[PDB]
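Working notes, beginning with the structure itself.
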Amino acid sequence: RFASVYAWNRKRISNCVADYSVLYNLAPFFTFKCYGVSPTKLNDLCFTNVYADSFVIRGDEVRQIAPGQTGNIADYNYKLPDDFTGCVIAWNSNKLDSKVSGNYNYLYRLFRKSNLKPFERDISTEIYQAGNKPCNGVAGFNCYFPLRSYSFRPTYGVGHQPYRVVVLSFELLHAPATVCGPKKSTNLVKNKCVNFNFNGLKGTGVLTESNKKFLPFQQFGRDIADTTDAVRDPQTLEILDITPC
Amino acid sequence: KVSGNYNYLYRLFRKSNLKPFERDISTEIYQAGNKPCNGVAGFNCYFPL
Amino acid sequence: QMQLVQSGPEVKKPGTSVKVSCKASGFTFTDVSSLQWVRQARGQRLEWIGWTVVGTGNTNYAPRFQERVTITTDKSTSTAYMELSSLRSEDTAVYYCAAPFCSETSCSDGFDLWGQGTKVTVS
Amino acid sequence: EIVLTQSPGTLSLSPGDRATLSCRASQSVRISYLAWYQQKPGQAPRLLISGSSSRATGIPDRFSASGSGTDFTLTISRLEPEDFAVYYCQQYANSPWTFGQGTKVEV
Amino acid sequence: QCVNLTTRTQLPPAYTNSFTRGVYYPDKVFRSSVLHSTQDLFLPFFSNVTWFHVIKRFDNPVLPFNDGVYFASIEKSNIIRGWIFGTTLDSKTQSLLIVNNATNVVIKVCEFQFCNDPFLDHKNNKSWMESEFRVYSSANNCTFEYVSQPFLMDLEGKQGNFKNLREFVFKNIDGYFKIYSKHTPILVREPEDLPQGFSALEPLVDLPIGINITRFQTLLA
Ligand SMILES: *[C@@H]1O[C@H](CO)[C@@H](O[C@@H]2O[C@H](CO)[C@@H](O)[C@H](O)[C@H]2NC(C)=O)[C@H](O)[C@H]1NC(C)=O
Ligand SMILES: *[C@@H]1O[C@H](CO)[C@@H](O)[C@H](O)[C@H]1NC(C)=O
Ligand SMILES: *[C@@H]1O[C@H](CO)[C@@H](O)[C@H](O)[C@H]1NC(C)=O
């Protein structure tokens with residue numbers, strides 16, 4: 343169940359680890375174009391807040407959600423900002439959304455007095471005053487509903503298949519971040535010279551097994567000269583003293 | 441160009457960085473995922489231009 | 001110019017199906033403009049066959065015009081295919097398709113354009 | 001299901017004279033959805049006044065629409081030689097139009 | 014909802030000394046059998062303290084907050100059920116609220132509509148519940164709400180042989196606020212004051228509210 347294009351539902355996700363590898367294995371996922379960052383480097387950025395919009399659009403107007411574009415359904419119901427950050431995920435769904443008897447569960451607006459700002463959830467069922475004189479009450483001459491409904495049939499080919507599209511836009515370092523991707527954990531070498539990056543500690547020196555008694559939240563190890571001489575290895579409670587050979 | 445000049449290109453995908461003043465000229469097919477996407481671009485395989 | 005083109009007079013027989021097409025040069029059916037059809041006899045009172053909207057798909061017809069007459073709107077060609085069935089001897093008249101110039105900008109509360117129609121006679 | 005009454009049915013006036021017509025509808029009263037049309041004998045019809053408040057392109061200044069009640073009045077400044085056609089007044093808000101017999105002006 | 018209980022039976026102040034309380038770990042990273050000189054903000058040793066009581076008797080006066088403050092209190096049932104921290108506290112600016120009333124800890128940064136004499140514990144005749152859940156009616160815009168899982172808490176009201184003693188202390192650095200709390204059990208010291216001794220502490224919470232706070236008022240019932 344997804345919301346309509348104009349009545350799009352926004353779900354906010356924060357304070358977790360965002361893994362895109364378990365999401366990239368989707369079968370009908372073909373539409374993918376990211377602008378802010380390279381898609382391969384999505385796992386090494388920390389995000390203040392993440393919200394997603396889910397809505398169903400026709401097969402012909404799939405790319406109308408792309409930033410900087412205009413159209414009948416992309417100018418009156420939902421649109422992306424020109425400086426759109428991130429990228430959307432779209433996949434064809436002609437086995438569930440499409441109905442044999444015709445799917446009429448969504449509405450699209452084609453009539454409007456003016457345009458709407460991108461990232462707007464404001465919509466109404468106000469009639470379109472097409473005629474010069476004011477139109478109120480019931481429909482008369484030049485008085486029509488600004489919105490029209492989908493007409494989805496399985497006999498339709500490309501250009502009419504419904505697409506389930508999720509839009510992943512987010513802020514970039516506007517606050518203490520909440521969502522970060524998975525971080526690289528490249529093995530561990532002991533009793534041998536190695537460069538290390540243990541949670542932001544940079545240096546050189548062989549890593550040896552040590553048995554000092556730390557405390558529940560004691561990570562670093564500081565010596566007399568105020569230099570690191572012990573580190574608590576991430577993903578483990580092990581403590582290793584850093585000394586040359 | 442008003443109609444659009446699509447003769448100027450740039451790269452976005454490379455396996456690793458490059459030394460100063462280094463060229464690349466040519467563009468091989470890039471495989472991004474573990475599975476070898478031989479042939480043409482698509483799933484986990486793209487055109488780096 | 002703002003003109004409407006249509007086929008010439010036609011002669012037919014009862015018990016068949018008639019398809020009438022009229023185009024507009026310099027005018028388009030767009031999304032807001034809605035056209036209508038009238039039948040004009042030999043100096044007799046007009047009758048409203050029906051009006052349809054190309055975009056919204058609104059269908060309205062006269063009470064006696066809901067079983068033998070149909071209007072199908074084509075946006076690509078901006079035309080109104082008029083389908084008539086079980087035609088009788090009272091259909092010998094001139095059919096007109098009329099639409100006002102209302103294309104996303106402005107329009108009045110009346111019908112502006114008027115084609116020459118088709119002089120259709122059924123024996 | 002609309003009954004339209006137009007008066008006078010026939011006009012016998014000298015050419016170039018001012019003329020007045022009135023009409024009424026048996027359906028619900030609408031003040032902004034009345035239009036006046038003219039159809040030539042053997043030629044395509046042309047609109048005269050749309051909405052009873054303004055004219056269209058090419059409409060002469062003679063045609064003027066007025067009326068506060070159900071009756072709508074159309075005034076013509078002078079009996080222009082090529083304006084001698086048959087008049088019709090039509091509503092828009094009510095049921096599908098049942099066009100009246102038609103008021104035709106002639107010498 | 015609240016009731017204008019009033020009837021303030023105020024008593025003259027008494028004296029107290031903060032002997033050696035409130036030494037915490039600035040950054041606990043394995044210094045072993047050494048002497049280290051650090052620079053932070055703390056309680057100056059032997060800092061003076063003004064004393065008041067509540068026993075019938077009930078005092079909930081108003082005291083301004085000023086750039087890092089120690090407060091202390093003695094019970095066995097956590098009778099006091101709230102602490103406001105703001106700058107005007109008249110339903111016009113966001114104010115911090117720390118509650119440890121029944122079972123769980125509550126922190127909220129919102130423009131509360133504080134009652135004149137708010138309470139949460141009044142119920143006939145000696146047993147109490149969480150009646151009058153909210154002492155505020157104004158909530159225009161506030162996001163900093165959290166519900167912290169129970170710490171070592173108290174059950175049932177006990178009078179005599181005091182065994183629970185809570186001290187709070189308030190650090191503020193240009194928006195970065197920090198709260199240090201010691202809820203000390205097993206203290207056999209009934210009559211007068213805080214125990215004399217030493218005990219390592221840990222900052223209960225660091226928090227960037229970034230708001231202006233200069234006043235408060237005690238909420239016990
Ligand atoms: C936080 O609020 C207090 C109000 O209690 C501000 O104190 C004011 O400081 C100005 C400085 O000139 C004085 O004129 C006012 O009289 C003070 N207010 C009161 C009630 O005495 C304080 O300045 C605020 N914090 C900041 C950083 O501005
Ligand atoms: C006390 O009374 C005043 C007015 O007399 C009222 O504004 C206030 O809300 C009351 N407070 C309580 C706690 O009932
Ligand atoms: C500190 O408190 C004592 C009483 O406890 C008082 O005599 C003294 O004046 C106070 N000093 C300051 C600086 O407030």
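Protein chains in written order, with the deposited numbering: chain B, 343 to 587; chain C, 441 to 489; chain G, 1 to 123; chain I, 1 to 107; chain A, 14 to 68, 75 to 240. Cβ coordinates follow ideal geometry from the N, Cα and C atoms, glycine included.
Pick out the complete beta strand (DSSP E) segments inside the stretch 190-228 of chain A, 3 residues or longer, and give them in chain order. 195-203 and 224-227
Taking residue 83/A as part of the beta strand (DSSP E), name the residues at either end of that continuous run. 81-83
Any heavy atom of ligand 3 closer than 7 angstroms to the beta-carbon of residue 165/A? For ligand 3, not one heavy atom lies less than 7 angstroms from the Cβ of residue 165/A.
Output, in sequence order along the chain, the residues in the stretch 59-87 of chain G whose CB is closer than 7 angstroms to any CB in chain B. none
Between the stretch 499-510 of chain B and the stretch 388-397 of chain B, can you find at least three pairs of beta-carbon atoms closer than 8 angstroms? yes
Looking only at its chain, what residues have a beta carbon closer than 6 angstroms to the beta carbon of residue 500/B, apart from the 5 residues adjacent to it on each side? 401
So is the beta-carbon of residue 136/A under 7 angstroms away from any non-hydrogen atom of ligand 2? yes
Name, in chain order, the residues that DSSP records as bridge partners for residue 64/A. Paired residues: 27/A.
With 16 other CB atoms within 10 Å as the buried threshold, where does residue 41/G fall? Exposed, because fewer than 16 other Cβ atoms sit within 10 Å of the Cβ of residue 41/G.
For chain A, find out if any of its Cβ atoms is closer than 8 angstroms to the Cβ of residue 389/B; answer yes or no. no
Give, in chain order, every unbroken run of the beta strand (DSSP E) that is at least 3 residues long and sits entirely within the stretch 19-57 of chain G. 22-25, 34-40 and 47-53
What residues from chain I crowd round residue 483/B, counting only those whose CB sits closer than 8 angstroms? Per Cβ cutoff of 8 angstroms: 33, 92 and 93.
Could you tell me the alpha carbon to alpha carbon distance between residue 63/A and residue 21/A, rounded to whole angstroms? In this structure, the CA atom of residue 63/A is about 18 angstroms from the CA atom of residue 21/A.
With three or more beta-carbon pairs closer than 8 angstroms as the criterion, would you say the stretch 462-470 of chain B touches the stretch 431-442 of chain B? Contact between the stretch 462-470 of chain B and the stretch 431-442 of chain B is absent, because fewer than three Cβ pairs lie under 8 angstroms.
Reference residue 34/I; option with closest CA among 106/I, 107/I and 99/I: 99/I
Where residue 109/G meets chain I, residues with beta-carbon distance less than 8 angstroms: 32, 33, 35, 50, 51 and 92
Cβ of residue 549/B less than 8 angstroms from any chain A Cβ? no
Is the shortest distance between the beta-carbon of residue 452/C and the beta-carbons of chain B less than 8 angstroms? yes
Pocket of ligand 3 (residues with CB nearer than 5 angstroms to any heavy atom), chain order: 28/A and 61/A
Proximal residues of chain A, C-beta to C-beta of residue 561/B below 8 angstroms: 42
Between 451/B, 461/B, 460/B and 577/B, which has its C-alpha nearest residue 469/B's C-alpha? Looking at the Cα atoms, 451/B is the closest of the given residues.
Cβ of residue 457/B versus every heavy atom of ligand 1: is any distance shorter than 7 angstroms? no
Is it right to say residue 372/B is buried, meaning 16 or more other beta carbons lie within 10 angstroms of its own, or is it exposed? exposed
Looking at the C-beta of residue 494/B, does it have a partner C-beta in chain G at a distance below 8 angstroms? So, not an interface residue.
Whose C-alpha, out of 544/B, 485/B, 585/B and 449/B, is nearest the C-alpha of residue 472/B? Among 544/B, 485/B, 585/B and 449/B, the Cα nearest to that of residue 472/B is on 485/B.
Within-8 angstroms CB hit, residue 569/B to chain C: no
For ligand 5, residues whose Cβ lies under 6 angstroms from any non-hydrogen atom: Here the bound small molecules are ligand 1, ligand 2 and ligand 3; ligand 5 is not part of this structure.
Report the rounded CA-to-CA distance for residue 540/B versus residue 575/B, giving the unit in angstroms. If you take the alpha carbons of residue 540/B and residue 575/B, they lie about 7 angstroms apart.
Own chain partners of residue 95/I with C-beta closer than 7 angstroms, once the 5 adjacent residues on each side are dropped: 1, 2 and 27
Just to confirm the assignment, what range does the beta strand (DSSP E) spanning residue 475/B have? Counting along the chain, residue 475/B falls outside any beta strand (DSSP E), and DSSP gives it neither H nor E.
Given a threshold of 16 other Cβ atoms within 10 Å of its Cβ, counted over all protein chains shown, does residue 2/G qualify as buried or as exposed? It counts as exposed.
My guess is that residue 25/I and residue 75/I are in contact by the Cβ rule of under 8 angstroms, so how many angstroms apart are they, rounded? With 8 angstroms as the limit, residue 25/I and residue 75/I do not qualify as a contact, their Cβ atoms being about 19 angstroms apart.
For chain A, check one thing: does any of its Cβ atoms lie closer than 8 angstroms to the Cβ of residue 554/B? yes
Counted within 10 angstroms of its Cβ, other Cβ atoms place residue 205/A as buried (16 or more) or exposed: exposed
Can we count residue 183/A as close to ligand 2, meaning its CB is less than 7 angstroms from some heavy atom? no
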